[PDB]
Amino acid sequence: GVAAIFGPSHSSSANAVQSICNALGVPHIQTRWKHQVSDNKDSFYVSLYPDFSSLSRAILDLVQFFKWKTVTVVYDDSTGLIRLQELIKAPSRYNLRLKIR
Amino acid sequence: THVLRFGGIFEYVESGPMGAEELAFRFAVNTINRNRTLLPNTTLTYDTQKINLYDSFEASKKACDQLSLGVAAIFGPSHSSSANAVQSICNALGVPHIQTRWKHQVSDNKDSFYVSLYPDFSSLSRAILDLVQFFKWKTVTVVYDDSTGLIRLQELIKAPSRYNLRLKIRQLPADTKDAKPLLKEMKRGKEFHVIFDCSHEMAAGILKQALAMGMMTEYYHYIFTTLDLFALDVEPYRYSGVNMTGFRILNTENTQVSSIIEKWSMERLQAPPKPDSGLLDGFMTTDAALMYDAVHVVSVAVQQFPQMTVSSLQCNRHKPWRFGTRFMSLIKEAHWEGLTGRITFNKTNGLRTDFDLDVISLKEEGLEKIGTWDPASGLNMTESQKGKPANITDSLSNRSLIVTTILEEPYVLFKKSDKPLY
Amino acid sequence: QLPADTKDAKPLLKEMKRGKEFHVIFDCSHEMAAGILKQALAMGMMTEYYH
Ligand SMILES: *[C@@H]1O[C@H](CO)[C@@H](O[C@@H]2O[C@H](CO)[C@@H](O[C@@H]3O[C@H](CO[C@H]4O[C@H](CO)[C@@H](O)[C@H](O)[C@@H]4O)[C@@H](O)[C@H](O[C@H]4O[C@H](CO)[C@@H](O)[C@H](O)[C@@H]4O)[C@@H]3O)[C@H](O)[C@H]2NC(C)=O)[C@H](O)[C@H]1NC(C)=O
Ligand SMILES: *[C@@H]1O[C@H](CO)[C@@H](O[C@@H]2O[C@H](CO)[C@@H](O)[C@H](O)[C@H]2NC(C)=O)[C@H](O)[C@H]1NC(C)=O
Ligand SMILES: *[C@@H]1O[C@H](CO)[C@@H](O)[C@H](O)[C@H]1NC(C)=O
Ligand SMILES: *[C@@H]1O[C@H](CO)[C@@H](O)[C@H](O)[C@H]1NC(C)=O
Ligand SMILES: *[C@@H]1O[C@H](CO)[C@@H](O)[C@H](O)[C@H]1NC(C)=O
């Protein structure tokens, strides 16, 4: 008997607990970014982490304030491309020259 | 042994025909039961259940329902949110979990009991990257549809750090295939060499927007990352002069492999048509070709192991299955000349990273094979064509005109200097 | 000249691509101007280079 679930903090472990909280009704408060699938029809959760859909505007505002033309974006795990996808689509509109490593 | 029940977790079409992957799982069991050559004294029985494909609580309940009455494999829920939930149930219980669809393997997964019959994109992304170097490109415009499509092509995005490609990564609109404000930007950017990463439903849909825009001509090349170009209607696009290169793994040239495809259109016999979509007859696409292989590769491993008496395992009181560790290796070192080429798994993972592709392209006579990719060799193109004599001219050039010239005073004499003269 | 009555004018329009002929002055009826332009779309000839 609980009134919340506080966010097991993974991408594979959080998605499994989220759909349990959706079917049972209890809220699922997350504190870490997660690859939220475009059609997971769940709204019984809140995600208290600054979303990389908006935080990667801020890196994009910062790399055009310093006027960089030769950025060299370096991630560590393959879910880092989802985090910075608003920055990787930026040479299609600005004059950045990315080089992802 | 005896009955040897399998398990299946499939989609929820909701008052129509059953899915493409579900008939392919039910056509494969009915074929092996009647052919007494493969699996002689067994009789395979299937158990299929229905989930929403997006609910990892229904996929976890309908897995532990099948694990309760006894299965010997779980043939995949085929979606990233719910495949990872059934994978870890199959890990804690022992029973294998045969997958026919690419999901993101999380790096610290530590899961032993799964194999994936979909060709892994560590090898496919090194096969687009050799078609952007055989065709000698410098400007590519990789287009995907959802945010997972960056992970599928991550060995294509890490390419300008080794070569001279200049990627211009774009994204289709959210789900609507009215991608004209995308394609208006691709005309003004002079982007001729697009590398679409759609499905075969959207590669039939974006190309009707690329024909309404003035973009299906001889100036545009299109590499597709779908293994279903052969089931694509290309009758409007054949005379344009376009180039539509891609891949297919399904052996539509072999006799025993092609004959099952017309048996597939015979047993289906309705294949619910949509003549304004841009797709051909069903043709047993790669999503359903692999499920026909997934039953046979396991059927090899039960042929080589006649000790399986499938027992009733719980889900809340989980106990590892008795023959779980022994039987999982027989799936993983199995080999089968199936529909999709040879089937061998990467013995570290359980991922197909060794597989034969064909490099089919669009010509004026249809959509024809031009080569063959092979991960050991590379592009073995069968380029070697005659349809028109060679492009402009060959090279006659400098030749440097060597001159026989002796040294002699003030005609030809050496120079004296301080620094060396060469 | 278009082929006799059949609107399958693709061997005409193949010659008009190789001749670099961008500025065509069709003298059809409105039944054939609806018919040749579906052959000029199946050929790669309905773009911004053609008037
Ligand atoms: C599945 O099992 C396979 C083998 O059984 C494991 O091997 C991986 O896959 C290939 C096969 O060797 C490797 O990729 C190849 O690397 C060559 C050079 O890359 C080197 O570069 C770095 C530094 O730049 C080195 O440090 C490193 O050691 C690499 O070896 C490329 O030239 C190859 O390209 C050619 O082969 C591909 C086939 O994939 C074809 O498209 C063409 O013929 C192309 O010319 C290729 O890129 C890869 O490095 C191997 N290792 C890893 C870790 O991926 C896999 O490990 C295993 N899969 C897993 C564990 O997921
Ligand atoms: C790319 O497209 C070109 C046409 O734009 C193809 O070249 C033609 O191939 C057909 C084969 O039947 C013939 O008409 C000629 O050999 C070619 N025509 C011209 C004008 O060159 C080419 O084969 C395509 N290449 C690939 C890899 O798809
Ligand atoms: C049974 O399968 C074999 C290959 O395993 C194949 O030749 C055919 O489909 C079947 N054999 C006969 C004699 O029908
Ligand atoms: C038929 O079943 C028996 C079990 O009594 C088994 O030993 C035999 O191998 C089976 N036949 C074939 C051809 O496998
Ligand atoms: C490529 O395919 C041809 C076709 O028969 C074959 O002879 C050849 O051995 C293959 N490999 C290479 C490296 O050319």
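As recorded in the PDB header, cryo-EM is the method behind this entry, and the stated resolution is 3.32 Å.

Per the PDB entry, the recorded name for chain C is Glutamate receptor ionotropic, kainate 2, and the organism is Rattus norvegicus. The title assigned to this entry in its PDB record is "Composite map for GluK2 in the open state, in complex with the positive allosteric modulator BPAM344 and agonist kainate".

By the naming in the PDB entry, chain B is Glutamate receptor ionotropic, kainate 2, taken from Rattus norvegicus.

Draft legend 1. View of the environment of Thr353 of chain B. Residues and elements named next belong to chain B. Positionally, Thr353 belongs in the loop between β12 (351-352) and β13 (357-358). A sequence separation of 231 residues divides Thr353 from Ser122, and the C-alpha atoms of the two residues are 7.3 Å apart. The residues contacting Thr353, other than those within four sequence positions of it, are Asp120, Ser123, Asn346 and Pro375. Within the local environment of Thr353, its side chain forms a polar contact with the side chain of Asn346, the two groups lying 3.0 Å apart.

Draft legend 2. Spotlight on the state of the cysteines. Scanning the model with the defined rule gives one disulfide over all chains in all. In this structure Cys90 of chain B is not part of a disulfide, and its nearest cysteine sulfur, from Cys64 of chain B, lies 8.5 Å away.

Draft legend 3. Broad picture of the interface of chain C and chain B. Listed as interface residues are 11 residues of chain C and, on the opposing side, 11 residues of chain B. Taking both partners together, chain C and chain B bury about 790 Å²; carbon and sulfur atoms supply 52% of that area. The largest per-residue losses of area from chain C upon contact with chain B belong to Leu41, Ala42 and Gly44 of chain C, which jointly make up 38% of the total buried on that side. At the boundary of chain C with chain B, the tally comes to three salt bridges. The tally of links from chain C across to chain B stands at four residue pairs in polar contact. The set of elements that each furnish at least two residues to the side of chain C that touches chain B consists of α1 (10-18) and α2 (36-42) of chain C. When residues of the side of chain C that touches chain B are assigned to their parent elements, the largest contribution, three residues, is made by α1 of chain C. Split into classes, the residues belonging to the side of chain C that touches chain B amount to five nonpolar, two polar and four charged.

Here is what the cut-offs are and how they apply
Residues numbered from 1 in each chain as written, not as in the entry; some residues may be left out. Chains lettered and ligands numbered in written order. Part of a larger assembly, values for the part shown. Heavy atoms only, no water. Helix = DSSP H or I, 4+ residues; strand = E, 2+ residues; numbered from the N terminus. Contact = heavy atoms within 4.5 Å. Polar contact = N/O pair within 3.5 Å; in protein donor to acceptor, adjacent residues only side chain to side chain. Disulfide = S-S within 2.5 Å. Buried area = accessible area lost by both parts, 1.4 Å probe. Salt bridge = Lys/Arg side-chain N within 4 Å of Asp/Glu carboxyl O. Nonpolar A, V, L, I, M, F, W, Y, C, P; charged D, E, K, R; others polar.

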